[PDB]
Amino acid sequence: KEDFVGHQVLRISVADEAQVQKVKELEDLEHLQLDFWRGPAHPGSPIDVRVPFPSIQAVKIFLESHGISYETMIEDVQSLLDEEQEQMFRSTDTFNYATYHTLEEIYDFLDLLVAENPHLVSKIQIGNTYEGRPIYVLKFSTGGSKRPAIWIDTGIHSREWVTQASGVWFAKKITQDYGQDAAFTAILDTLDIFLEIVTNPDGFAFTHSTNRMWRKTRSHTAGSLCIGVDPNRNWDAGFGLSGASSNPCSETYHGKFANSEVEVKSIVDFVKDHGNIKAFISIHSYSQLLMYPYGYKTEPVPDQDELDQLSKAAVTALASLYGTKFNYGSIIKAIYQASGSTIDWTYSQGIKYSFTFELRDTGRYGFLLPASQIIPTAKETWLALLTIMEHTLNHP
Amino acid sequence: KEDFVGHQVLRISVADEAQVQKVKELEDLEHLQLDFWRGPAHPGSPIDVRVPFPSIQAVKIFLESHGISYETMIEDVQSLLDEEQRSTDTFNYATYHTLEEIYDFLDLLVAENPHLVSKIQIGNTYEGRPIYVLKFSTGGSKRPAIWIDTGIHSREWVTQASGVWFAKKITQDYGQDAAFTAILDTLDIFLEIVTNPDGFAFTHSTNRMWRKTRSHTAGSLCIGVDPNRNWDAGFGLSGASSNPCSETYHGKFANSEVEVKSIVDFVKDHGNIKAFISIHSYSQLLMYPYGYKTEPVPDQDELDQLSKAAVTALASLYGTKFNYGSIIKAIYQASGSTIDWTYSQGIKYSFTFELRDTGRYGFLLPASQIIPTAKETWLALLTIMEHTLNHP
Ligand SMILES: CC(C)C[C@H](C(=O)O)[C@H](C)S
Ligand SMILES: CC(C)C[C@H](C(=O)O)[C@H](C)S
Ligand SMILES: [Zn+2]
Ligand SMILES: [Zn+2]
Ligand SMILES: [Zn+2]
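Residues numbered from 1 in each chain as written, not as in the entry; some residues may be left out. Chains lettered and ligands numbered in written order. Heavy atoms only, no water.

- Per the deposited record, the coordinates in this entry were obtained by X-ray crystallography to a resolution of 1.80 Å.

## Considerations on the coordination of the zinc ion (ligand 5)
Here comes step 1: At the metal site, the zinc ion (ligand 5) is ligated by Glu 386 of chain B (OE), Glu 386 of chain B (OE) and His 391 of chain B (NE2), and these contacts range over 1.9 to 2.7 Å.
Here comes step 2: A relative accessible area of 38% places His 391 of chain B in the partly exposed class. (Donors = N, O, S within 2.8 Å, 3.2 Å for Na, K, Ca; no water. Buried < 20%, exposed > 50% of the residue type's maximum accessible area, 1.4 Å probe, protein only.)

## A word on the side chain of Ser 335 of chain B
All names here are of chain B.
Here comes step 1: You can see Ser 335 is positioned in the loop between α10 (327–330) and α11 (338–344).
Here comes step 2: With a relative accessible area of 0%, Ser 335 lands in the buried category.
Here comes step 3: There is a polar contact of 2.8 Å between the side chain of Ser 335 and the backbone oxygen of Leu 237. (Helix = DSSP H or I, 4+ residues; strand = E, 2+ residues; numbered from the N terminus. Polar contact = N/O pair within 3.5 Å; in protein donor to acceptor, adjacent residues only side chain to side chain.)

## Section: the site of ligand 2
All names here are of chain B.
Here comes step 1: Taken together, 13 residues surround ligand 2, and among them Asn 228, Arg 229, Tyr 332, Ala 334 and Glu 354 come closest.
Here comes step 2: A distance of 3.4 Å separates an oxygen atom of ligand 2 from a polar side-chain atom of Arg 211.
Here comes step 3: Within the side chain of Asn 228, a nitrogen or oxygen atom sits 2.8 Å from an oxygen atom of ligand 2. (Near = heavy atom within 4 Å.)

## Points about the site of ligand 1
All names here are of chain A.
Here comes step 1: Taken together, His 157, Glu 160, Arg 215, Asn 232, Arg 233, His 284, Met 291, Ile 331, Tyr 336, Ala 338, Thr 356 and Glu 358 make up the full set of residues adjacent to ligand 1.
Here comes step 2: Residue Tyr 336 places a side-chain N or O atom 2.5 Å away from an oxygen atom belonging to ligand 1.
Here comes step 3: For ligand 1, whose unbound accessible area comes to 340 Å², protein coverage reaches 96%.
Here comes step 4: Tallied by class, the residues present in the shell around ligand 1 amount to 4 nonpolar, 4 polar and 4 charged. (Areas by Shrake-Rupley, 256 points an atom, 1.4 Å probe, with all protein chains shown as cover. Nonpolar A, V, L, I, M, F, W, Y, C, P; charged D, E, K, R; others polar.)

## Focus: the environment of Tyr 361 of chain B
Here comes step 1: For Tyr 361 of chain B, the position within the fold is in the loop between β12 (349–355) and α12 (370–390).
Here comes step 2: By relative accessible area, which is 3% here, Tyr 361 of chain B ends up buried.
Here comes step 3: With 79 residues separating them along the chain, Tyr 361 of chain B and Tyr 282 of chain B place their C-alpha atoms 8.8 Å apart.
Here comes step 4: Filtering out sequence-adjacent residues up to four positions away, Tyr 361 of chain B remains in contact with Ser 320 and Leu 321 of chain A together with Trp 37, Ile 74, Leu 80, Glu 83, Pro 366 and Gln 369 of chain B. (Contact = heavy atoms within 4.5 Å.)

## Description of the environment of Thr 98 of chain B
Residues and elements named next belong to chain B.
Here comes step 1: Position of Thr 98 relative to the elements: it lies in the loop between α3 (77–84) and α4 (99–112).
Here comes step 2: For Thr 98, a relative accessible area of 30% puts it in the partly exposed group.
Here comes step 3: Each C-alpha atom of the pair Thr 98 and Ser 241 lies 30 Å from the other, and the pair is 143 residues apart in sequence.
Here comes step 4: Residues within four places of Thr 98 in sequence aside, it is in contact with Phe 200 and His 204.

## Quick notes on the domain arrangement of chain A
All names here are of chain A.
Here comes step 1: Here chain A is described as being made up of domain 1 (1–88) and domain 2 (93–392).
Here comes step 2: The C-alpha-based centres of domain 1 and domain 2 are spaced at 26 Å.
Here comes step 3: Tallying the contact residues gives 24 residues for domain 1 and 28 residues for domain 2.
Here comes step 4: Between domain 1 and domain 2 lies a buried interface of about 2,100 Å² when both sides are counted; carbon and sulfur atoms form 50% of it.
Here comes step 5: Per-residue buried area on domain 1 facing domain 2 is highest for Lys 1, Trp 37 and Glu 84; these three make up 28% of the total on that side.
Here comes step 6: We note a salt bridge from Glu 84 to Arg 212, for which the minimum N-O separation is 2.6 Å.
Here comes step 7: Applying the counting rule to domain 1 against domain 2 returns 12 residue pairs in polar contact.
Here comes step 8: Among the elements of the structure, β2 (35–38), β3 (47–51), β4 (70–74) and α3 (77–88) are those that each provide at least two residues to the side of domain 1 that touches domain 2.
Here comes step 9: The dominant element in the side of domain 1 that touches domain 2, judged by the number of residues it contributes, is α3, at 6 residues.
Here comes step 10: Across the side of domain 1 that touches domain 2, the residue classes tally to 11 nonpolar, 3 polar and 10 charged. (Domains from an automatic or database assignment. Buried area = accessible area lost by both parts, 1.4 Å probe. Salt bridge = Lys/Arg side-chain N within 4 Å of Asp/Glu carboxyl O.)

## Examining the state of the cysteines
Residues and elements named next belong to chain B.
Here comes step 1: Summed over the entire model, instances satisfying the criterion amount to 2 disulfides over all chains.
Here comes step 2: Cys 222 shares a disulfide with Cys 245; S-S distance 2.1 Å. Taking the torsion about the sulfur-sulfur bond, which here is approximately 90 degrees, the covalent link between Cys 222 and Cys 245 counts as right-handed. Residue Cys 222 is located in the loop between α7 (197–205) and α8 (258–270), and its partner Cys 245 is located in the loop between α7 and α8; the two are separated by 23 residues in the primary sequence.
Here comes step 3: For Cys 245, a relative accessible area of 26% corresponds to the partly exposed category. (Disulfide = S-S within 2.5 Å.)

## Here we look at the UniProt feature "binding site: substrate" in chain A
All names here are of chain A.
Here comes step 1: If you check UniProt for "binding site: substrate", the listed places come out as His 157, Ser 158, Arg 159, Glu 160, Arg 215, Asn 232, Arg 233, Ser 285, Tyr 286 and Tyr 336 in our numbering.
Here comes step 2: On the secondary structure map, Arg 159 appears in the loop between β7 (149–154) and α5 (161–177).
Here comes step 3: For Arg 159, a relative accessible area of 1% corresponds to the buried category.
Here comes step 4: Checked against the element boundaries, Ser 285 lands in strand β9 (residues 277–285).
Here comes step 5: Since its relative accessible area comes to 6%, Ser 285 is described here as buried.
Here comes step 6: Apart from residues lying up to four places away in sequence, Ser 285 is in contact with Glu 160, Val 162, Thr 163, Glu 358, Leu 359, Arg 360 and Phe 367. (UniProt positions renumbered as here; feature names shortened; annotations may be inferred.)

## Here's the deal with the UniProt feature "binding site: Zn(2+)" in chain A
Residues and elements named next belong to chain A.
Here comes step 1: Taking the UniProt record as the reference, the feature "binding site: Zn(2+)" is found at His 157, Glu 160 and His 284. Sequence-wise these annotated residues cover 128 residues; spatially they are packed, their C-alpha atoms never more than 7.2 Å apart.
Here comes step 2: Here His 157 shows up in the loop between β7 and α5.
Here comes step 3: Judged by its relative accessible area of 2%, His 157 is buried.
Here comes step 4: Other than its neighbours up to four places away in sequence, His 157 contacts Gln 164, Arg 215, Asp 230, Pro 231, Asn 232 and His 284.
Here comes step 5: Following the sequence through the fold, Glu 160 ends up in the loop between β7 and α5.
Here comes step 6: Looking at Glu 160, the relative accessible area reads 3%, which means it is buried.

## Considerations on a negative patch on the surface
Here comes step 1: On the surface, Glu 2, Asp 3, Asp 82, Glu 83 and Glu 86 of chain A cluster together into a patch of negative charge.
Here comes step 2: Structurally, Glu 83 of chain A is set in helix α3. (Patch = residues over 30% accessible without salt bridge, like charges linked within 9 Å, V, L, I, M, F, W, Y side chains within 5 Å. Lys, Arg positive; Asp, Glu negative; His and termini not counted. Charge placed at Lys NZ, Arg CZ, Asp CG, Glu CD.)

## A closer look at the coordination of the zinc ion (ligand 4)
Six octahedral donors around a metal ideally make angles of 90 or 180 degrees; four tetrahedral donors ideally make 109.5 degrees.
All names here are of chain B.
Here comes step 1: Distances from the zinc ion (ligand 4) to its protein donors, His 153 (ND1), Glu 156 (OE), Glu 156 (OE) and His 280 (ND1), fall within 2.0 to 2.3 Å.
Here comes step 2: When the donors of the zinc ion (ligand 4) are listed by position in the chain, the intervening gaps give H-x2-E-x123-H. Of this pair, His 153 sits in the loop between β7 (145–150) and α5 (157–173) while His 280 sits in strand β9 (residues 273–281), and the two are 127 residues apart along the sequence.

Okay, here's the thing in structure tokens:
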């Protein structure tokens, strides 16, 4: 099991391209074993990086020598994990939604939820992962066949544990509110919802068994010691090097070609075979953003005004509960340019209401968010999802 | 019994001094019957005001015709209220209680914990109600102590509800959690849950939005003094109102309000209070002195590092983000407020909290957020109490 005692997470501010390029020099030094949480992008995008203890002085002196400002977001990564492990140690009503679960625990949850709600909920298998694990989607439906549908996925990046944990909560919430809250009942009486809670099962299993900081898939790359592809750079729209890496060791390695990862191709084949997906929402952490296309280019989507207004309503709804502030905009404007990310592809297929979320927080814990924040994160995000779903329903 | 059907809460933005004055001009207008949640202060300080159903048209028209930009924070105040409307083990901490329910709770907690908890009456309110402080102590007499108060402004109901939760928490953790037991083995804790009982009974019986005391003001139709403008530190200087109808009316002399005088007497008679924490809502702020003047406190660096640690601790639980600083820097100039007085008496660890939220609900926070507010606030309180214990 990887440990991280004395590892720090630094947030580096890069004020111009020159400073971006200096941080890219650090990234190129594989011996430092750096783990970028938010990689070099453009000037003014903060660069968040986990630095192993023996690399800390070298990194700090480098940044200081070049006048590049940084702050220490996390002083001791292992303290957060030990805490996480510590608070980690029947029916869906007695399931603990306020802790983090393993892949087996989540998959057991899926079967319990189906067993308890056979007229609403079914489980679909859309593929098997690189390592052979089944990939499962929950389908919530009141009838029809291939009704217009909302697709939601969480955990495409395995280390973003609050997203799988929110997915589990959303699945339970849907079953609680169907037949009970009329406004939500109205959504499901017309639309199906598909929910993929563990979108990268191999990386997820790997975050529990081996390396809590694992992001990518677990595919092997011929003649490289580095494993895995960033599934959020592996989609066939805008694929390439302006916003992803051809280096197998990169956190944003895009693979050899689009849809090389079965976890991505399974969703592509599903969506195309279904043919009537009307909203597609892909959920990540962290940064508190709600985004619409495009990531790969600056040209607005033709539906930009409508999607921007809907984004504004959705973050206002989210903020209603706890005041959590999300910014919104195209991917390229709100966060950075990225090549081959999911909703560029889904929008290109005709799914107008294509959105991607980056949930809590804004870097103090990053993806090591305390379990105690699972439910608040899930509750607020559900209000944003309801906004998108109501719009999908009433304003197609 | 007030209802608020169709009342809105507006958040008014003021860019410069001239604009502040224009808003301050409709603060003067009794007929509008406005209720400022966050009054006119300096420029760049949002003004939050509940404007009544018959007055909404009138004030919307006033603002626009003067170019003051504003946003509508709360659309139907009633909706947030209709939403609202044995032992300490089975007491419901996730709901708001009445005065008598809280006073009954005080007796139940004392009865269940007779060697740790005692009730003390420090005075009576203007209307004659007893004013009670719970003392948590493991012995001695006038050991160094921490003072916490909630509810000095009656409408800030999450504070009294949190105070009830803290009382129970102290009884649960004492003798079980060593870090907290270390606090009470050296220091006493005084906790005043309902610091303004008349105003509290009034928020239940007549008017949910009541803030002040219920004292009658000689030669005025208006009732009550702002107990957090009535302390003898900067009394009557910029940062309070001399208008008896104002939310921030300072009264005729410092300590005119028996609810404030009773605390002042207690503190002076005790002489060993080492930390004093006065809790309010809303705004998500943790502040130290001064509110009445810009001069920093001699202890500013220490207090500011302590505040940073406390807000970091608080945020860990549910992500709630608090800003911190002197009152004057972090919110606005305010005169005659509690911690300027307590700090002037040598009480180094003088802090005032503003709890959830930052305006969606204001003081009409849903009962489902009581326990999360109280839990996260308790982490910040532990930070201050550890510091009082270990670094006098
Ligand atoms: C919309 C995308 C491009 C956001 C981002 C990423 O994949 O880099 C996540 C924060 S991991
Ligand atoms: C520190 C003081 C000025 C606090 C403030 C007030 O009394 O106005 C509360 C937010 S009600
Ligand atoms: Zn991600
Ligand atoms: Zn107050
Ligand atoms: Zn200490």
